[PDB]
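Two forms of the same protein chain are encoded below as structure tokens; each is given separately, as structure 1 and structure 2.
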Structure 1
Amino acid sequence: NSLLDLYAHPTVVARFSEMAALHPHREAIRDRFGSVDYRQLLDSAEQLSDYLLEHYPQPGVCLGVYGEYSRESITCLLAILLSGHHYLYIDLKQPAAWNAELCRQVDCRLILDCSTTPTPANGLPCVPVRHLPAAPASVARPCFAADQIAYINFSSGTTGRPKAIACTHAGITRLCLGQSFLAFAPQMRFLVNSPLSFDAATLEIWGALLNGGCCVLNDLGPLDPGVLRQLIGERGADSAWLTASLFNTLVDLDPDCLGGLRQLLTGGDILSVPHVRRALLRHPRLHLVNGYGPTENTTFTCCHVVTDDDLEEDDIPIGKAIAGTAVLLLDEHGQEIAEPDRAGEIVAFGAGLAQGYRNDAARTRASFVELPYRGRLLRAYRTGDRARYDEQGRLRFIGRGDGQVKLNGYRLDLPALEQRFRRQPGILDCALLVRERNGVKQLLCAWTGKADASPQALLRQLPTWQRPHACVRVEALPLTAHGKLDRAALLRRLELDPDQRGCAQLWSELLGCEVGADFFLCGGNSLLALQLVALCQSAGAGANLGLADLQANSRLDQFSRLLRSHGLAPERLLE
């Protein structure tokens, strides 16, 4: 209270400059090539900023960044902030129209290309930053207030129209300073892994840099037991965030791969108590935290440090408001719930509140409101998350009233996506389901219509994380006696060679889908692909990669051949 006030918090750049001044020789960044210390990071960043200010001397413009984590991409984030501008991650894994739409929404001037590999941009103004000329020698940095935009993340956008959520310097410095839920210290080594399109990345990067710690970048490829083990062992990562279902996957595959971490946060969806239990009894000294919050409130709203006693609950508490934030639980009538075991909506106040939804006034007025807190009448955001208090005054997550789902940490408005499928030519009806198989989520799509009507165009237009893992055509969507989609019925519906029939039984058991002579059109996804590859490696492989045998071999023709290359299909069943 009064930390709820944006102006009580410093700028990202003021705080970083403070760190760089105190800790010139501490590792700021550790990548495959070495480390960069604070003084070096600061210089590089200032130089690149000299270039930016030359081309965009007026504070407050949106600049893009592309490429997987590198010393250059971090440096770019810093240079952008230093110039009074804000960053937008343009993911080139995504379809052109989608990225172009983002850029239009925030008026993205120029993209700073750190991509190691050749950029097939072709619509967009990319400038490669590596080996850049070293422009005119200095510029005074604008001294902006803490309410300046640091970065943009987008609303789901399953309508086809994603809305920009502008987050502020104060949101970040609030997140990273004066907290109790994690120990932020100069000795911390934070794994930088999460997709920079979304807000866990915020914690992983700024948590370290604002505290004099080191960012340990994953430049080794998708996170899995071996890569994690490597980032911990060789590079000394002691602190990490993992979206709940990735945490689940790792714990199931190789629980000891968590060994060496002092601090681990997970969240982004409802935590699995069994997996939390296994990680904790496996690693009794681990400081484990359940982080909760919407992008609109900047990374975290509530966090809960996990205890022994929690391991007997049906759900891990999401705990309490972080410093610089406040929450209320509201009834249907708008009055705060003061007592245990009574469900209501989570409402948020404080320094984490984002600007609103750029170019959407209605959404903005709907969830960004003024509401009384204590005495004062404060700006607030309504999460749409139903929770309840427990005996100890800790929040306990219930769920949502609208159709919004988390798909392995990704935010989707499912109804709008479904409707998007209905609009496709020759498609009568469509049902979208998210499934909880194997600690992980799957997005399953069943549609009715012309037999030729499969919506491949639409899928090519969807950002990758919005594409169903299975698209099946059906006779009809099963209705119950009450007229409601019969979900169990639907999932139920969704269920040759010597070794070709083995691969397809395996895939069936793992995916919950069909045989007949493709994994990622069959209900596979990146997490399940991890598990499958790990099985295959248990079996006398590991020349068999996440890349080779699955993506290059994804048919089950190509996979029955890649399998029958080294070993037998029936063996994996008991591995």
Structure 2
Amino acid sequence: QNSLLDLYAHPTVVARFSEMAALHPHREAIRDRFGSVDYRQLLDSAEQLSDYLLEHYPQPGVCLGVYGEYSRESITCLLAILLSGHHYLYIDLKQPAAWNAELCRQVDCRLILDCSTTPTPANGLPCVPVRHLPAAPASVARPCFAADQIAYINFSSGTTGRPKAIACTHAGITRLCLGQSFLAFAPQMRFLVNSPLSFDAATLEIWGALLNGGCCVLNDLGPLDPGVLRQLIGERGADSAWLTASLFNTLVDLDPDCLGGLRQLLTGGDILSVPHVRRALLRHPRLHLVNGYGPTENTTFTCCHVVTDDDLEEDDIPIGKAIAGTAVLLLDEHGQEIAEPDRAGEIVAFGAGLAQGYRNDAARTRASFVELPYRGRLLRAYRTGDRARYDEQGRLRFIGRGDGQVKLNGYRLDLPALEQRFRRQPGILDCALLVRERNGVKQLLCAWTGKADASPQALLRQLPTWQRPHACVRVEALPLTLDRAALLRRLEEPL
């Protein structure tokens, strides 16, 4: 299938969830520090909240915000939003209010469901306390929709300087989570829920469990590290997890035994480090490790590869082949399909994972999502900007990008755009943005030339936390051979 590529070949999230809740009413849907919530309780709570949402927004298709740390409440919000025909958006209320207001305008986010326990100012944004909502009439009938309905929006900073809203579909989610061989190693499907909702890794962590009758094991313990992971596996029974590459590498460096008890571990988001994958698999030979690759426009994963014994001898771990519901081609400079190994091209994705588009940029949607030949037929397709090559087994081997896009703590970032943006502060002549790694975290560093009193504080105040350089340093001149090593080193220099 060959028609798994069709969005309508996939069920809505709410139909599949309903199937699971009917089949397994008393299985554990959510495990948190307070206890468990089962499928029936989850469905009842979400139906009630949906009654409220529908009372405010009776016609399907509105964007609704969710704020808070992972809790049974936030999970319930996501389901109630989907049940209502609406789509969810993560809003971090600890970001600058002006920034959030503009995100909300971009996607017409009507209301934000505040799940925090402790009061956090809303600063005029349309927030309601989720524990404090008023009763609503039980919905006579919930809206009807197909799998092409928008499930959620994720904002991407990966291109230019304006955040682009990616609208992902019910089908993208159900195609991601159902019938996949790379998810087949943990009958109980107890997923660590760790990745915040601003990342589509969350889509896998949450819906991979709930659409399979599994359990969302929420990390309400603290920042994920070896101890917290060990607790979440040992005390709560998590058997399945996503860990982004740099987090994987750190956990493996520090305490590779902290993975013990995981049945399936998926990692990715950056080029995997073969030495760390080697260390992990040599310690846990029965562990099923998956390299997942894909952009957000294709809903979480595009290709996955189950890591083998032989793979540990290569310079890179394959990113493998198309997940079910997806197809890929590799295209040359001339826009022609590359049918042979060891010839580099651009990855192009087709199928049921394709986002509806950039909710807030029509021109960019028209430019990024285009019809291209697949087999015999013109199909909608997303050009990823990722370069790869096939190996002798017809597996994809990730090469890199030709643009300036980097991955910073889970986010794509157009680095040269942000850099150019620093240049435009008055009194600054030139500026260079660098990246380094401390512990498991990439830090942005900003070097600049210009007047002594010219520090770009007013810009930092306007940026989201995750884009603010860890250090802004004025230098006398920038080293040329630009020199990344010289610059980095000259940054301490007394620091």
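Just so we're on the same page, residue numbers count up from 1 along structure 1's sequence. In this text, rigid core is short for the largest set of C-alphas that superpose within 1.5 Å between two forms.
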item	value
Residue among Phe247, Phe184, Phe397, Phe421 whose Cα moves 2 Å or more between structures 1 and 2, once the rigid core is superposed	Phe184
Core-aligned CA displacement of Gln230 at least 2 Å between structures 1 and 2	no
Flag for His469, CA shift 2 Å or larger between structures 1 and 2 after aligning core	yes
Threshold 2 Å Cα movement between structures 1 and 2 for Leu377, core superposed	no
Inter-form CA displacement between structures 1 and 2 at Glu204 - rigid core frame, Å	0.2
Per-residue Cα shift, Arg358, between structures 1 and 2 [Å; core superposed]	2.2
Rigid-core-fitted C-alpha displacement of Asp452 between structures 1 and 2 (angstrom)	1.8
